[PDB]
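Participant: Top to bottom, those sequences are chains A and C. Under PDB author numbering, the residues of the first sequence are numbered 2 to 621, 659 to 669, 778 to 800, 809 to 967, 1051 to 1223, in order. First residue of the second sequence? That's 12 in PDB author numbering, and the numbers climb one at a time after it.
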Amino acid sequence: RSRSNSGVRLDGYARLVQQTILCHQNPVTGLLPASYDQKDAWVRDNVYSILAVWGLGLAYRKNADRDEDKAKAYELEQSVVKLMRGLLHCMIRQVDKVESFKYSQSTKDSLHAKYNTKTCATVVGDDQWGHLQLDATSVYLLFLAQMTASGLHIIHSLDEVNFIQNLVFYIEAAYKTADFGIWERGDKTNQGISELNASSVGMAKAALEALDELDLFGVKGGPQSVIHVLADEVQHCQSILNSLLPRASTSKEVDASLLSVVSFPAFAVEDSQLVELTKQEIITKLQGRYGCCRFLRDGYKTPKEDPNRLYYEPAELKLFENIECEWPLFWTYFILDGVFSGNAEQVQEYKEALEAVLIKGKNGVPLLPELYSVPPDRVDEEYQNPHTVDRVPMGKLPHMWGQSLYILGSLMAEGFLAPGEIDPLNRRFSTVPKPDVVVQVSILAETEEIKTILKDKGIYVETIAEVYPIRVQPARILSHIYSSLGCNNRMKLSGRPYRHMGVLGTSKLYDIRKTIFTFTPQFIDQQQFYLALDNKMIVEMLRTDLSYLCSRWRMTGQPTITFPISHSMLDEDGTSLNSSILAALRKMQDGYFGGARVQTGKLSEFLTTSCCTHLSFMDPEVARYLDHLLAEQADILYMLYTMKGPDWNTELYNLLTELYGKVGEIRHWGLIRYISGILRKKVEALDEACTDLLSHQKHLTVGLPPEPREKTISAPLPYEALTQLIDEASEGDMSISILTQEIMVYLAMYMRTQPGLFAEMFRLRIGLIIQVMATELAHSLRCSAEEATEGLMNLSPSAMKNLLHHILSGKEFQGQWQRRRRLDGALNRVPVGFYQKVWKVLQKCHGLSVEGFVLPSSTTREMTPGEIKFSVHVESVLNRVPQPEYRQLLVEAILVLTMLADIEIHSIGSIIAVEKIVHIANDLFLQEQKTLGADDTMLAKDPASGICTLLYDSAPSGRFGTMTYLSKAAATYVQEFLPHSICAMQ
Amino acid sequence: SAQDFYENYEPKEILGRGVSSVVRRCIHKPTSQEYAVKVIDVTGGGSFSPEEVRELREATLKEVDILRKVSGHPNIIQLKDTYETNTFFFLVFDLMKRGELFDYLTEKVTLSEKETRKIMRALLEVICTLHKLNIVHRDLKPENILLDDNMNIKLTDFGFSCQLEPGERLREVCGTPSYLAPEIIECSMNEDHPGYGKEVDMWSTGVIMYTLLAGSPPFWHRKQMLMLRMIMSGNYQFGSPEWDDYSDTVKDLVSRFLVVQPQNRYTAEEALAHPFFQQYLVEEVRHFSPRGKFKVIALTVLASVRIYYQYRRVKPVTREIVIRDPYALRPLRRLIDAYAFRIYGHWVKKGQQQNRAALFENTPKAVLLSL
Ligand SMILES: C/C=C(\C)CC/C=C(\C)CCC=C(C)C
């Protein structure tokens, strides 16, 4: 008869939400201003700030049996619809930016982070603010999918369905797009430098999964209202999340916003060890007694920053250490994580901790402070003793973002809401183990005459024609097809951009206009590049591509890879299958290949046990093609074909792809590469290839050693610009341009499968990689560098990949160690933590000088030991020596100071010339061998360095090793600079 | 069949690699227990001809046999079950979270006397079991030795093993060059020598002693045949400054396995009886003549006095001794070796051109370039 006590207590929560959040909702737009001082509505904050209203509305709807508690449930539900619709109008008024960002992932074409709360218009310009925040649109897209799944009808028209579909392509490239992120400041420096933040990558993955086959019209919807998401981009975000975490970016060791990725609302991390490790990293490095710092060296409202300058100078970062403002917002995330994980202890430690920071206001309602700031006088005390001084609440009061999750956490912790109701798409189960899937493979024959060669080897296949009505197509065709998904001419939306399709996309069965479609996997495409013309590379790519499939399939049915055997995959004779592919095919019949369970069969058998995705946008360019589809010496010719002029690409005739045809059949790699350079054939996955290397805390440098011509990649570059940078860094030589990108695939190939070869290289310098690969193939089969240069063009992709792995793994086919020091200092290979060891030494010194270029101790305070920017500073000083072998002598010379530094209690207190320590070590290496019987002939000087050639060839350790002489000369230099020394601890 | 493989185990991650065999970690679904699976490609990517395809199977079929002949023993892995397909041969065994002894010997260049004692105590006690069952290994390299989280030795890759018929001595050359006993090469260079028996394993084990305690093989040089003459002739040296800090009980036991003549070699049963592997059992009466008591009390004094004297002798690290001779004294030499293997620990691998001795230069350049 009376209202349930749940309804009564929700009234207190209704008052809390109304008095704190819903009283600021704009009457016209439904948007929420950040505060009275900041009268604008942020896309990310508004979505987060509406969660309390959405949770309250769901909580009130649980007992909707009376008129009033139906109505307040309706108000809260439709207030959420008002905000999410109001935020839709803000973004839908910038469809030109969404369309432009899909193709060019630039900051200048990004959806604005803040809008007019009164008119849904852009308050600020495209350059007056840090606008590219892919975790703000994704927080909208994720919850839009979740709120529709909960029953909230937000999307009203099929044009908005197209807009949201086009918004998927907007957030698809989050794994390869740098953005300012959750804190609108980009990197840690706050200098307008966009970076690949795990929050943006994680948020897009969850939003993409949330929108995956989601009907925006609810249950009363159709295929026209379904948002189609490609798992290639979803799992590409995973490859970045796994590589980035527990770090938030290359510049941030950790961010408390990763709590928005590991647990709520993203659930974007599938490995529970990563979730716990990242959450505990936040615990140690960020949490104190007033919340959690956003990220180390934040200084957003620290009293040691001027509130007038929008940017921070590099030296100011060290001023923020240990006195950073602390935000209780992240403690609401830990409460929310505990409710989802089911850790009542966690929901208690962070609830009492948050209840002691909540500032009471108005009629006793709790207000969540935006941040707790150190008083200006007490900054020095927290410098010395961390996280103990009393902080004052500053910033926004209330923080409408954090306040909502506090109420949302309060609602779900007192039994007014369940994790499933706030997460109807079941993202909370992302951490549960997933068994590996059985990859179905249907080997096909392009012609009948290939079916007989396979039959003679005992391979049961159907021909390309026997599979009809099921018809196979290249992976490109599938990419063209999705270019019609989300097309709206009046809204000027052009659908999905052309993106390369991996196996996760091409292993599905496609239902286009009632005709079942299977698409050949992209790594067999031969028109794009020459990686499909090496049959030993088909197996290697196939081996990893099945391994990628089995461990990363998240769709109904089993993946189906249709593998067509082509004439190129046969032998040079033409009557026998190539042994590498021959082994690969029988490998699949036995049921195991590349770590994946392969159930070989015919494409007809796998019709019912595959992911049959209906491509409803094709249901009544590419459609026209599909409509008909449904119904003397060779080497000389290039000298001719390049002296036609620069490639005119027109008909000045009297089509090198035809000339590229025979060389693919004869498989002469030097010639075929040259055609790819002069035709500018370019791989379709270099931008994930670069990003994967980039996401593992590496800087990619492509180009020959000199700095102005060698360009560094530190931020994820889009496909066009990254390729343009490679071509411009190709200084016109087309052979290096392809080898640059060709090695880039192999570097990413080994990085994904064997991460341990790059643990000693923090900067991937592709440009010298061709050089260092040239020297070993020059010393092997001893020949000139030019012959090696012609030789390097000539190896097969598998041989090229093996030889690069021969370089990286440390396997050996002047002198032995001279070849192990020209291969150790030319790749800038340094031991693990050496950049973390220079920091310790420089604190005991004034600097480290190499060839009279100093690396001062001021750098130690300026960047952290683990900062990759510091790694650049130590690295930049170490390339002041041109010759590679001498650099490694400097490298281990640096460490003999490190090991002597630990023994020595006192500090040198002056400059140390790392170069000189080698020189007298060269001089002292000279004297001992003279005394023991060395002739002047054996001790011959290196012409440029000044080191004996035998010293280069000398082993590291031993009585007469290089680091015994350098552990010897690292003491006479300390004699003059340090008159008195004390060595302890042995 | 492969179905039988996946009905009981699920391979998660790649643990190691080989020439044609891949080691992969798996989860046993019925037991949820960690287990290692070695995945040998029988066809070997098509490089293997039908003879090698057949021979690898027969080598693998034999390989199950020895690992089926020895079971339940603490320090060799248990082949839990073996699955054979037309293209692979799966072998599931125990999971060793840590890698081979080679990887460990790379991390710690010189392996301490206490640690090596239990290491080989197992290995010699491993060797006893093989010889008592009359099975020789011929392959006792540290990469063949696997260690677990408690450092326990798990001898692995009995791929070259073969059971001698009672009183029969082999002739085939099986094994990477450094760890080959002198008569292995001699039988390779002559037909009169009628073969080698189970005493082969003794030499290979004694080689680990020089490698573990010094970080280098007893005989190593960059060309192939030159190493061989150091082996058959048997010229080894506990060189200075490296090998002088170890106790004298170490040296004699090293020579015992390293004697070039097989019959005088130190077989496994008496190998564990050398003073190094003697253990202090608390409950021993240990009765002694009055002269025996007088020694003990004198030796108990002689010990205490000794320990004070030895310690007093250790020279603290000073500036000058670093200038004159770093390697000469232990604490700085072990350090130089340690930071030697942190920079170029990737340069040590399996084979002859990648052994650990390449990282040590113990001889003048002139003598090295004498010939
Ligand atoms: C115990 C060291 C004895 C000779 C070598 C001299 C040591 C040093 C000269 C200074 C180098 C590093 C310092 C880190 C603080």
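Note that CB positions come from ideal geometry on N, CA and C, so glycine has one too.
#1: Does ligand 1 have a heavy atom nearer than 7 Å to the CB of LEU1137 (chain A)?
#2: Thinking C-alpha only, which one of A:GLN1080, A:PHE594 and A:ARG1059 is nearest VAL53 (chain C)?
#3: Where does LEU343 (chain C) land, buried or exposed, given buried means 16+ other C-beta within 10 angstroms?
#4: Return the chain-ordered list of same chain residues with a C-beta closer than 8 Å to the C-beta of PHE268 (chain C), the five sequence neighbours on each side being excluded.
#5: So the alpha helix (DSSP H) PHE170 (chain A) belongs to, where does it begin and stop?
#6: Can you tell me whether DSSP reads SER251 (chain C) as helix, strand or coil?
#7: How big is the Cα-Cα spacing for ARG936 (chain A) and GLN166 (chain A)?
#8: Smallest Cα separation from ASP70 (chain A): which of A:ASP1160, A:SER3, A:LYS98 and A:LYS363?
#9: In the DSSP assignment, find the beta strand (DSSP E) that holds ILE566 (chain A) and state where it starts and stops.
#10: Am I right that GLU124 (chain C) and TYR291 (chain C) are in contact with their C-beta atoms under 8 Å? What's the rounded C-beta distance?
#11: Residue range of the alpha helix (DSSP H) that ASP160 (chain C) falls in?
#12: Which residues in the same chain as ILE1105 (chain A) place their Cβ atom closer than 6 Å to its Cβ, once the five residues preceding and following it in sequence are excluded?
#13: Could you tell me if the beta carbon of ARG341 (chain C) falls within a distance shorter than 7 Å of some heavy atom in ligand 1?
#14: Could you check if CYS293 (chain A) belongs to the surroundings of ligand 1, using beta carbon to heavy atom distance under 7 Å?
#15: Using 8 Å as the threshold, is the C-beta distance between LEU135 (chain A) and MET85 (chain A) below it?
#16: Got a sec: does ligand 1 put a non-hydrogen atom nearer than 7 Å to the Cβ of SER1218 (chain A)?
#17: Is any non-hydrogen atom of ligand 1 found closer than 7 Å to the C-beta of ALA1207 (chain A), if you look at the structure I gave you?
#18: Please specify which runs of the alpha helix (DSSP H), each continuous and at least 4 residues long, are wholly inside the stretch 907–958 of chain A, giving them in chain order.
#19: Since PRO337 (chain C) meets chain A, which of its residues come closer than 7 Å, beta carbon to beta carbon?
#20: Flag this pair as yes or no: are the beta carbons of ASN163 (chain A) and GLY558 (chain A) separated by less than 8 Å?
#21: On a CA-only basis, which of A:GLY1089, A:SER611 and A:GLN225 is nearest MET619 (chain A)? Give me that one, please.
#22: Using a 10 Å radius around the Cβ and a threshold of 16 neighbouring Cβ atoms, would you call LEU166 (chain C) buried or exposed?
#23: With a cut-off of 8 Å on the beta carbons, I'd call residue 1230 (chain A) and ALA199 (chain A) a contact; round off their distance for me.
#24: Shorter than 8 Å from the beta carbon of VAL99 (chain A) to some beta carbon of chain C?
#25: Any chance the CB of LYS1074 (chain A) is under 7 Å from a heavy atom of ligand 1?
#26: Taking the C-alpha atoms as reference points, what is the distance between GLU210 (chain C) and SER1086 (chain A)?
#27: Using a Cβ cut-off of 8 Å, which residues of the stretch 539–554 of chain A contact any Cβ in chain C, in chain order?
#28: DSSP beta-bridge partners for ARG35 (chain C)?
#29: Taking 8 Å as the CB-CB limit, is residue 653 (chain A) close to chain C?
#30: Since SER201 (chain A) contacts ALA175 (chain A) with CB under 8 Å, what's their CB separation in whole angstroms?
#31: As an exercise, report each continuous alpha helix (DSSP H) stretch of at least 4 residues that is fully enclosed by the stretch 245–324 of chain C, in chain order.
#32: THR190 (chain A) and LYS119 (chain A) - do their beta-carbons sit closer together than 8 Å?
#33: List the residues of chain A that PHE371 (chain C) touches, going by C-beta distances under 9 Å, in chain order.
#34: Can you tell me which of the three DSSP states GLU202 (chain C) falls into?
#35: Are the stretch 1111–1125 of chain A and the stretch 1167–1186 of chain A touching by the rule of at least three beta carbon pairs closer than 8 Å?
#36: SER495 (chain A) by DSSP, collapsed to three states: which one?
Facilitator: According to the data block:
#1: Along the first sequence, read from residue 1 onward, the residue named residue 1137 (chain A) stands at position 900. At a threshold of 7 Å, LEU1137 (chain A) counts as near ligand 1, since its beta carbon sits closer than that to one of the ligand's heavy atoms.
#2: Within the second sequence, residue 53 (chain C) is the residue found at index 42, counting from 1. Out of A:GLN1080, A:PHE594 and A:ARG1059, A:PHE594 has the C-alpha closest to the C-alpha of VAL53 (chain C).
#3: Looking up residue 343 (chain C) in the second sequence gives position 332. By the neighbour-count rule (16 or more Cβ atoms within 10 Å), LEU343 (chain C) is buried.
#4: For the purposes of this step, residue 268 (chain C) is identified with residue 257 of the second sequence, where counting begins at 1. Same-chain partners within the cutoff: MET213, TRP214, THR216, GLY217, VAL218, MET220, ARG276, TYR277 and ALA282.
#5: Within the first sequence, the letter at position 169 stands for residue 170 (chain A). Membership of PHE170 (chain A) in the alpha helix (DSSP H) is indicated by the continuous run 159–173.
#6: Position 240 of the second sequence, counting from 1, holds the residue named residue 251 (chain C). DSSP places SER251 (chain C) in coil when its eight states are reduced to three.
#7: In the first sequence, the residue the question calls residue 936 (chain A) occupies position 782. In the first sequence, the residue the question calls residue 166 (chain A) occupies position 165. In this structure, the straight-line span from the alpha carbon of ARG936 (chain A) to that of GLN166 (chain A) is close to 58 Å.
#8: Residue mapping note: residue 70 (chain A) aligns to position 69 of the first sequence, counting from 1. Checking every option, the nearest Cα to that of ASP70 (chain A) belongs to A:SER3.
#9: The sequence position of residue 566 (chain A) within the first sequence is 565, counting from 1. In this chain, the beta strand (DSSP E) harbouring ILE566 (chain A) covers 561–566.
#10: Locating residue 124 (chain C) in the second sequence gives position 113, counting from the first residue. Locating residue 291 (chain C) in the second sequence gives position 280, counting from the first residue. Their Cβ separation, rounded to whole angstroms, is 16 Å, which puts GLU124 (chain C) and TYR291 (chain C) out of contact at 8 Å.
#11: Numbered from 1 along the second sequence, position 149 holds the residue referred to as residue 160 (chain C). Counting along the chain, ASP160 (chain C) falls outside any alpha helix (DSSP H), and DSSP gives it neither H nor E.
#12: Within the first sequence, the letter at position 868 stands for residue 1105 (chain A). Cβ within range, chain order: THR251.
#13: Position 330 of the second sequence, counted from the start, is the residue given in the question as residue 341 (chain C). Of the heavy atoms belonging to ligand 1, none sits nearer than 7 Å to the Cβ of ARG341 (chain C).
#14: For the purposes of this step, residue 293 (chain A) is identified with residue 292 of the first sequence, where counting begins at 1. In this structure, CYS293 (chain A) has its beta carbon at no less than 7 Å from each heavy atom of ligand 1.
#15: On the first sequence, residue 135 (chain A) is found 134 positions in, with the first residue counted as 1. On the first sequence, residue 85 (chain A) is found 84 positions in, with the first residue counted as 1. One thing to note: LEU135 (chain A) has its Cβ no nearer than 8 Å to the Cβ of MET85 (chain A).
#16: Working through the first sequence from its first residue, we reach residue 1218 (chain A) at position 981. The answer is yes for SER1218 (chain A).
#17: Numbered from 1 along the first sequence, position 970 holds the residue referred to as residue 1207 (chain A). Flag set: Cβ of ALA1207 (chain A) near ligand 1.
#18: For the stretch 907–958 of chain A, whole alpha helix (DSSP H) runs of length 4 or above, ordered along the chain, are 920–933 and 939–948.
#19: The residue you call residue 337 (chain C) lines up with position 326 of the second sequence. Result: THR1201, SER1204 and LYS1205.
#20: As a first step, residue 163 (chain A) is located in the first sequence; it is residue number 162 there, counting from the start. As a first step, residue 558 (chain A) is located in the first sequence; it is residue number 557 there, counting from the start. It is not a contact, given that the beta carbons lie outside the stated cut-off.
#21: Within the first sequence, residue 619 (chain A) is the residue found at index 618, counting from 1. The option with the nearest alpha carbon to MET619 (chain A) is A:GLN225.
#22: As a position in the second sequence, residue 166 (chain C) is number 155, starting the count at 1. The residue in question, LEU166 (chain C), is buried, as its Cβ has 16 or more Cβ neighbours within 10 Å.
#23: Only positions 2 to 1223 of chain A appear in the structure, and residue 1230 (chain A) is not among them; the question remains open.
#24: The residue labelled residue 99 (chain A) in the question sits at position 98 within the first sequence. False, the Cβ-Cβ gap to chain C never drops below 8 Å.
#25: Working through the first sequence from its first residue, we reach residue 1074 (chain A) at position 837. Not under cutoff, so the answer is no.
#26: Start at 1 with the first residue of the second sequence, and residue 210 (chain C) comes out as number 199. Start at 1 with the first residue of the first sequence, and residue 1086 (chain A) comes out as number 849. Going from the Cα of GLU210 (chain C) to the Cα of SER1086 (chain A) covers about 58 Å.
#27: Those residues of the stretch 539–554 of chain A that come within reach of chain C (Cβ to Cβ, closer than 8 Å) are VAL540.
#28: Along the second sequence, one-based indexing puts residue 35 (chain C) at 24. Looking at the DSSP assignment, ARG35 (chain C) forms a beta bridge with C:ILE25 and C:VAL48.
#29: Absent here is residue 653 (chain A), because the residues of chain A run from 621 on to 659 with nothing modelled in between.
#30: As a working note, residue 201 (chain A) is residue 200 in the first sequence. As a working note, residue 175 (chain A) is residue 174 in the first sequence. Your pair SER201 (chain A) and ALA175 (chain A) checks out as a contact, with CB atoms roughly 5 Å apart and the cut at 8 Å.
#31: Listed in chain order, they are 259–269, 279–282 and 301–324.
#32: On the first sequence, residue 119 (chain A) is found 118 positions in, with the first residue counted as 1. On the first sequence, residue 190 (chain A) is found 189 positions in, with the first residue counted as 1. Note that the C-beta distance between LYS119 (chain A) and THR190 (chain A) is not below 8 Å.
#33: Counting from one through the second sequence, the residue named residue 371 (chain C) turns up at place 360. By Cβ distance, chain A contributes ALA1192, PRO1193, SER1194, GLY1195, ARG1196 and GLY1198.
#34: Translated into positions along the second sequence, residue 202 (chain C) becomes position 191. Secondary structure of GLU202 (chain C) (DSSP, three-state): coil.
#35: The stretch 1111–1125 of chain A and the stretch 1167–1186 of chain A touch, with no fewer than 3 CB-CB distances between them shorter than 8 Å.
#36: Residue mapping note: residue 495 (chain A) aligns to position 494 of the first sequence, counting from 1. Judged by DSSP in its simplified three-state form, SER495 (chain A) adopts strand.
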